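Q: Sharing a structure here in structure tokens format.
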Amino acid sequence: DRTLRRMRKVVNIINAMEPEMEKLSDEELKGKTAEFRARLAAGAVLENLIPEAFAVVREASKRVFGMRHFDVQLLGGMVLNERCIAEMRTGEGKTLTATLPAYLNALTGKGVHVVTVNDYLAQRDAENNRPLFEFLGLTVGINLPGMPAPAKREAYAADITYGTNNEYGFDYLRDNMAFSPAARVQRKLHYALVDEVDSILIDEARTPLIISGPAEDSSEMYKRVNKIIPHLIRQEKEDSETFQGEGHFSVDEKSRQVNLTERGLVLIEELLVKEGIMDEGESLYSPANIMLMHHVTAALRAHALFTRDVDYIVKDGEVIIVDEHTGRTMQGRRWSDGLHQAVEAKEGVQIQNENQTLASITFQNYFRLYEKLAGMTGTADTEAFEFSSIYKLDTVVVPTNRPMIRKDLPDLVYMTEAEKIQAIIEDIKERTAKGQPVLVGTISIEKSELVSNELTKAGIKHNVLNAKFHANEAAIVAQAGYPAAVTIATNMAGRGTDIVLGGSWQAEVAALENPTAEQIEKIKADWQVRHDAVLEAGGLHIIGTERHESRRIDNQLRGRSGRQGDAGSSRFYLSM
Ligand SMILES: Nc1ncnc2c1ncn2[C@@H]1O[C@H](COP(=O)(O)OP(=O)(O)O)[C@@H](O)[C@H]1O
Ligand SMILES: [Mg+2]
């Protein structure tokens, strides 16, 4: 690869500038953003400033985080500034790496969109990265579902923004429906730096974002027409040859249907016309005005055939149905032909127009809108062809910082699921006994629960991450490399949270309240022994309970082991 060779020369140069950066004060270092922007206003192009800008970020990260960008992270940063994907293995530091191109592009003053995969990660990377960006004179926004338009607009106004693919695309659709540009929230789609880019740009590429709403706004007919039914009096039978009534409508409890007598049609017609929904002399069976017939026949049914606390209930301002078994109440179900609306309208609660698609976009089309697009992932090379053909993104495999020595053992076949699950359990117990921790990836909650319950029978304490409380599960995952830890996770659970061998001592320190030097030195000295032992015991061991249809997904699982040169192993189990 010739591209890596050109970029190595810049890495060395950036390295050559470190001594001069170390002399700058925190204020001289902070002024760098303004010195760069003046250059840009006086003839510089962004690419000229790449060395200098990266060296400023690195040295800033030294002082703020205690983290000096590795050479390979400098390489990935340069990739990310071109229209490319940087494949950087799990735990190669993609979050810190992204600060290089995000700093560089934010100088342009047009904003930067960092995309992660879920809301917990967007806020985490923003807040983790925020001290480095504020140290350098930049602001950092966080776009989250449920934020009001002013707050979102402030987050898009910041130098750099974080958010999920869903909420960025939802903002754009909502922006396309604005009546003038003033209501919008986004600026121009300038730079989209997409974390976990195979999840986002490939797996969700074709899945569309949809905003549903009503255009058939026919509530005033429902509400107003409802006013007429209280005026109608009920009678026991239809006005037959043998029977006569003094009322406006009847009812078939047996056949569950409503019949209207001629005087009611008079009065309804009178009242329909009267309030201002009809005309004099109009036939209400008239093909001309037959919307009302459905309005009235639904309204009439709503009062006549359906009764509250019997067929439905009115909790939380939603008309809810009740199953004939009287057992339960559905929460998504509605009623056809305007029946629910009339029923809702009779109770007065929340008239529900029909909802339809009002705006739609695929992430494919969406992320193609940005002027600059880039992406990082631990697993991209296999998808290189659609990255190029769909987005014109080129992929670049980035050397790991240290040598990758994880041992991906051969798969194992068994005749039946029972046997596979007994063999995994036997292997868990074995590796626990030695102190080695084990992460068990599944591809479904169903398979997580089955495995969990076999681990329980076997007396094996373990944790189950189902990807429903990302922040909580993130806290469990960070300890999953504790000696003899046992964690179950579906492919979607706890991704993006480093699993440190021996546990994360960071977590331990926060647990204590105002610790002291030798208390913390206690944690640190204890953790090192844990880490040396776990590393000695083979590190983290991955068990795949089955292989995904897409091998890349299995590759993401095993990648959770073997970070930054650590020992580790993985193994997938198969059966019929
Ligand atoms: N240059 C660095 N020096 C020290 N630690 C780093 C550096 N870069 C990243 N880290 C640490 O590595 C851990 C994993 O980084 P992360 O961004 O989660 O990896 P990835 O997203 O690439 O899988 C984090 O705890 C982070 O603080
Ligand atoms: Mg990550």
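Naming works like this for the structure tokens: A, B, ... for the chains as they're shown, residue 1 at the start of each chain, ligands 1 onward in shown order.
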Excluding region 142-148 of chain A and its own-chain neighbours fewer than 3 positions away, which residues fall within 7 Å of it when counting only C-alpha atoms? Please give them as JSON, numbers by chain.

A: {"A": [119, 123, 126, 151, 152, 155, 161, 162, 163, 167]}

Q: Could you pull out the residues sitting within 7 Å of ligand 1, using only C-alpha atoms and all ligand atoms, and write them as a list in words?

A: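 Checked against 7 Å with only C-alpha atoms and all ligand atoms; the hits are residues 67, 68, 69, 70, 88, 89, 90, 91, 92, 93, 94, 95, 96, 97, 496, 497 and 498 of chain A.
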
Q: Find the residue from A:315, A:485, A:542, A:502 that sits nearest to residue 526 (chain A); use only C-alpha atoms when measuring.

A: A:502

Q: Could you pull out all residues of region 205-410 of chain A with a DSSP call of alpha helix (DSSP H) and give them as a PyMOL selection string?

A: chain A and resi 219-226+262-275+291-304+339-347+363-367+384-391

Q: Write out as a ChimeraX atom specification the residues lying within 12 Å of residue 408 (chain A), counting only C-alpha atoms and excluding same-chain residues fewer than 5 positions away.

A: /A:540-544,554-555,557-562,567-572

Q: How would the residues just picked look written out with N, CA, C and O atoms as a short mmCIF file (atom, residue, chain, number, x, y, z; two decimals), in the first residue's frame?

A:
data_model
loop_
_atom_site.label_atom_id
_atom_site.label_comp_id
_atom_site.auth_asym_id
_atom_site.auth_seq_id
_atom_site.Cartn_x
_atom_site.Cartn_y
_atom_site.Cartn_z
N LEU A 540 -8.55 -13.05 28.50
CA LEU A 540 -9.98 -13.25 28.29
C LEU A 540 -10.22 -14.32 27.24
O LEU A 540 -9.55 -14.36 26.20
N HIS A 541 -11.18 -15.20 27.51
CA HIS A 541 -11.52 -16.27 26.59
C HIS A 541 -12.95 -16.09 26.11
O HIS A 541 -13.87 -16.05 26.92
N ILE A 542 -13.11 -16.01 24.80
CA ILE A 542 -14.42 -15.81 24.18
C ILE A 542 -15.02 -17.17 23.82
O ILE A 542 -14.35 -18.03 23.23
N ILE A 543 -16.29 -17.34 24.15
CA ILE A 543 -17.07 -18.50 23.72
C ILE A 543 -18.20 -17.99 22.85
O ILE A 543 -19.08 -17.26 23.32
N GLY A 544 -18.19 -18.37 21.58
CA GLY A 544 -19.34 -18.16 20.72
C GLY A 544 -20.27 -19.35 20.78
O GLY A 544 -19.88 -20.46 20.39
N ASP A 554 -19.42 -12.52 14.16
CA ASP A 554 -18.58 -13.36 15.02
C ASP A 554 -17.23 -12.71 15.23
O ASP A 554 -16.65 -12.78 16.33
N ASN A 555 -16.70 -12.07 14.18
CA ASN A 555 -15.42 -11.39 14.30
C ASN A 555 -15.49 -10.25 15.30
O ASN A 555 -14.52 -9.99 16.03
N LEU A 557 -17.31 -10.28 17.94
CA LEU A 557 -17.34 -10.92 19.25
C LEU A 557 -15.93 -11.28 19.71
O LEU A 557 -15.52 -10.90 20.81
N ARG A 558 -15.18 -12.02 18.89
CA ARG A 558 -13.86 -12.44 19.33
C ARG A 558 -12.94 -11.24 19.55
O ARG A 558 -12.09 -11.26 20.45
N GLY A 559 -13.12 -10.18 18.76
CA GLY A 559 -12.35 -8.97 18.93
C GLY A 559 -12.39 -8.39 20.34
O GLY A 559 -11.50 -7.64 20.72
N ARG A 560 -13.42 -8.75 21.12
CA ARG A 560 -13.50 -8.26 22.49
C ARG A 560 -12.33 -8.76 23.33
O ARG A 560 -12.06 -8.18 24.39
N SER A 561 -11.66 -9.82 22.89
CA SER A 561 -10.47 -10.34 23.53
C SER A 561 -9.25 -10.03 22.68
O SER A 561 -9.32 -9.98 21.45
N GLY A 562 -8.12 -9.83 23.35
CA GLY A 562 -6.87 -9.61 22.66
C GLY A 562 -6.49 -8.17 22.42
O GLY A 562 -5.66 -7.91 21.54
N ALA A 567 -2.74 -11.33 25.80
CA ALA A 567 -3.10 -12.71 25.52
C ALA A 567 -4.61 -12.89 25.59
O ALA A 567 -5.32 -12.15 26.28
N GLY A 568 -5.09 -13.89 24.87
CA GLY A 568 -6.51 -14.21 24.85
C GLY A 568 -6.77 -15.31 23.85
O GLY A 568 -5.91 -15.68 23.05
N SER A 569 -7.98 -15.84 23.92
CA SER A 569 -8.38 -16.92 23.04
C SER A 569 -9.87 -16.80 22.76
O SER A 569 -10.61 -16.15 23.50
N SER A 570 -10.31 -17.45 21.69
CA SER A 570 -11.73 -17.52 21.38
C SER A 570 -12.04 -18.91 20.83
O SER A 570 -11.15 -19.64 20.41
N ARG A 571 -13.32 -19.24 20.84
CA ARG A 571 -13.75 -20.55 20.36
C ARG A 571 -15.24 -20.53 20.08
O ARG A 571 -16.03 -20.12 20.94
N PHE A 572 -15.63 -21.00 18.91
CA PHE A 572 -17.03 -21.08 18.53
C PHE A 572 -17.49 -22.53 18.53
O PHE A 572 -16.76 -23.43 18.11
#

Q: Find the spatial neighbours of region 186-202 of chain A, counting only C-alpha atoms, within a cut-off of 6 Å - ignore same-chain residues fewer than 2 positions away - and output them as a ChimeraX atom specification.

A: /A:112-116,156,204-205,370-377

Q: Have a look at A:30, A:420, A:495, A:130 and name the one nearest to ligand 2; count only C-alpha atoms and all ligand atoms.

A: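 Distance minimum relative to ligand 2 lands on A:495.
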
Q: Tell me, which residues of region 73-306 of chain A carry DSSP strand (DSSP E), written as a VMD selection string?

A: chain A and resid 84 to 87 113 to 116 140 to 142 160 to 164 191 to 194 208 to 213 249 to 252 257 to 260

Q: Output the selection as a PDB file, in the first residue's frame - C-alpha atoms for each residue.

A:
ATOM      1  CA  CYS A  84     -12.124   6.527   3.886  1.00  0.00           C
ATOM      2  CA  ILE A  85     -12.801   3.885   6.507  1.00  0.00           C
ATOM      3  CA  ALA A  86     -10.082   3.188   9.046  1.00  0.00           C
ATOM      4  CA  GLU A  87     -10.244  -0.421  10.191  1.00  0.00           C
ATOM      5  CA  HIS A 113     -20.998  15.195  13.215  1.00  0.00           C
ATOM      6  CA  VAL A 114     -19.562  12.254  15.146  1.00  0.00           C
ATOM      7  CA  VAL A 115     -22.023   9.341  14.857  1.00  0.00           C
ATOM      8  CA  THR A 116     -22.103   6.458  17.311  1.00  0.00           C
ATOM      9  CA  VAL A 140     -19.031  20.131  22.098  1.00  0.00           C
ATOM     10  CA  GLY A 141     -22.696  19.374  21.487  1.00  0.00           C
ATOM     11  CA  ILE A 142     -24.717  16.264  22.314  1.00  0.00           C
ATOM     12  CA  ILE A 160     -18.273  19.342  17.212  1.00  0.00           C
ATOM     13  CA  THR A 161     -21.449  17.310  17.755  1.00  0.00           C
ATOM     14  CA  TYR A 162     -22.118  13.765  18.970  1.00  0.00           C
ATOM     15  CA  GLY A 163     -25.229  11.687  18.369  1.00  0.00           C
ATOM     16  CA  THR A 164     -26.637   8.462  16.977  1.00  0.00           C
ATOM     17  CA  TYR A 191     -18.498  16.251   8.002  1.00  0.00           C
ATOM     18  CA  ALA A 192     -19.923  12.922   9.202  1.00  0.00           C
ATOM     19  CA  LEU A 193     -17.313  10.828  11.043  1.00  0.00           C
ATOM     20  CA  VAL A 194     -19.152   7.546  11.610  1.00  0.00           C
ATOM     21  CA  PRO A 208     -35.214   3.676   6.105  1.00  0.00           C
ATOM     22  CA  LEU A 209     -35.909   6.371   8.638  1.00  0.00           C
ATOM     23  CA  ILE A 210     -39.626   7.080   8.659  1.00  0.00           C
ATOM     24  CA  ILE A 211     -41.609   9.874  10.293  1.00  0.00           C
ATOM     25  CA  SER A 212     -45.289   8.960  10.469  1.00  0.00           C
ATOM     26  CA  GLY A 213     -48.085  11.473  10.792  1.00  0.00           C
ATOM     27  CA  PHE A 249     -82.573   4.143  17.278  1.00  0.00           C
ATOM     28  CA  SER A 250     -82.631   0.498  18.372  1.00  0.00           C
ATOM     29  CA  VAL A 251     -79.999  -2.174  19.065  1.00  0.00           C
ATOM     30  CA  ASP A 252     -79.325  -5.888  18.472  1.00  0.00           C
ATOM     31  CA  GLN A 257     -75.542  -4.089  15.711  1.00  0.00           C
ATOM     32  CA  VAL A 258     -77.263  -0.694  15.792  1.00  0.00           C
ATOM     33  CA  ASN A 259     -80.387   0.220  13.831  1.00  0.00           C
ATOM     34  CA  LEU A 260     -81.720   3.737  13.391  1.00  0.00           C
TER      35      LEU A 260
END

Q: I'd like the interatomic distance between CA of residue 528 (chain A) and CA of residue 508 (chain A), to a tenth of an Å.

A: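 Computed distance, CA of residue 528 (chain A) to CA of residue 508 (chain A), equals 13.3 Å.
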
Q: Just the residues within 10 Å of residue 280 (chain A), please, counting only C-alpha atoms, with nothing from its chain fewer than 5 positions along; format it as a compact mmCIF listing (two decimals) with C-alpha atoms, in the first residue's frame.

A:
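Result saved to result_36.txt:
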# COMPACT_ATOMS: atom_id res chain seq x y z
CA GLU A 269 -80.39 15.08 9.76
CA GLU A 270 -81.88 18.14 11.46
CA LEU A 272 -76.25 17.43 11.36
CA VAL A 273 -77.54 20.17 9.05
CA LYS A 274 -78.30 22.39 12.04

Q: Find the spatial neighbours of residue 566 (chain A), counting only C-alpha atoms, within a cut-off of 9 Å - ignore same-chain residues fewer than 4 positions away - and output them as a ChimeraX atom specification.

A: /A:402-406,501,535,538-540,561-562

Q: If we count only C-alpha atoms and set the cut-off at 10 Å, which residues sit around residue 3 (chain A), ignoring sequence neighbours fewer than 3 positions away in its own chain? Please answer as a VMD selection string.

A: chain A and resid 6 to 8 79 396

Q: Could you write those residues out with N, CA, C and O atoms, as a PDB file, in the first residue's frame?

A:
ATOM      1  N   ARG A   6       2.994   7.257   2.257  1.00  0.00           N
ATOM      2  CA  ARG A   6       2.858   8.707   2.313  1.00  0.00           C
ATOM      3  C   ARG A   6       2.481   9.160   3.717  1.00  0.00           C
ATOM      4  O   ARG A   6       3.003  10.163   4.218  1.00  0.00           O
ATOM      5  N   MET A   7       1.588   8.425   4.378  1.00  0.00           N
ATOM      6  CA  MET A   7       1.121   8.847   5.692  1.00  0.00           C
ATOM      7  C   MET A   7       2.164   8.615   6.771  1.00  0.00           C
ATOM      8  O   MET A   7       2.187   9.343   7.771  1.00  0.00           O
ATOM      9  N   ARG A   8       3.029   7.615   6.603  1.00  0.00           N
ATOM     10  CA  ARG A   8       4.088   7.424   7.584  1.00  0.00           C
ATOM     11  C   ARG A   8       5.000   8.639   7.653  1.00  0.00           C
ATOM     12  O   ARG A   8       5.428   9.043   8.741  1.00  0.00           O
ATOM     13  N   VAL A  79      -6.359   8.895   8.000  1.00  0.00           N
ATOM     14  CA  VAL A  79      -7.325   8.183   7.172  1.00  0.00           C
ATOM     15  C   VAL A  79      -8.695   8.839   7.286  1.00  0.00           C
ATOM     16  O   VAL A  79      -9.348   9.151   6.280  1.00  0.00           O
ATOM     17  N   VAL A 396      -9.065   1.290   4.701  1.00  0.00           N
ATOM     18  CA  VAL A 396      -7.638   1.200   5.009  1.00  0.00           C
ATOM     19  C   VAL A 396      -7.459   0.395   6.286  1.00  0.00           C
ATOM     20  O   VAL A 396      -7.950   0.788   7.351  1.00  0.00           O
TER      21      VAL A 396
END

Q: Select, from A:347, A:324, A:125, A:159, the residue with the minimum atom-to-atom distance to ligand 2, counting only C-alpha atoms and all ligand atoms.

A: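 The closest residue to ligand 2 is A:125.
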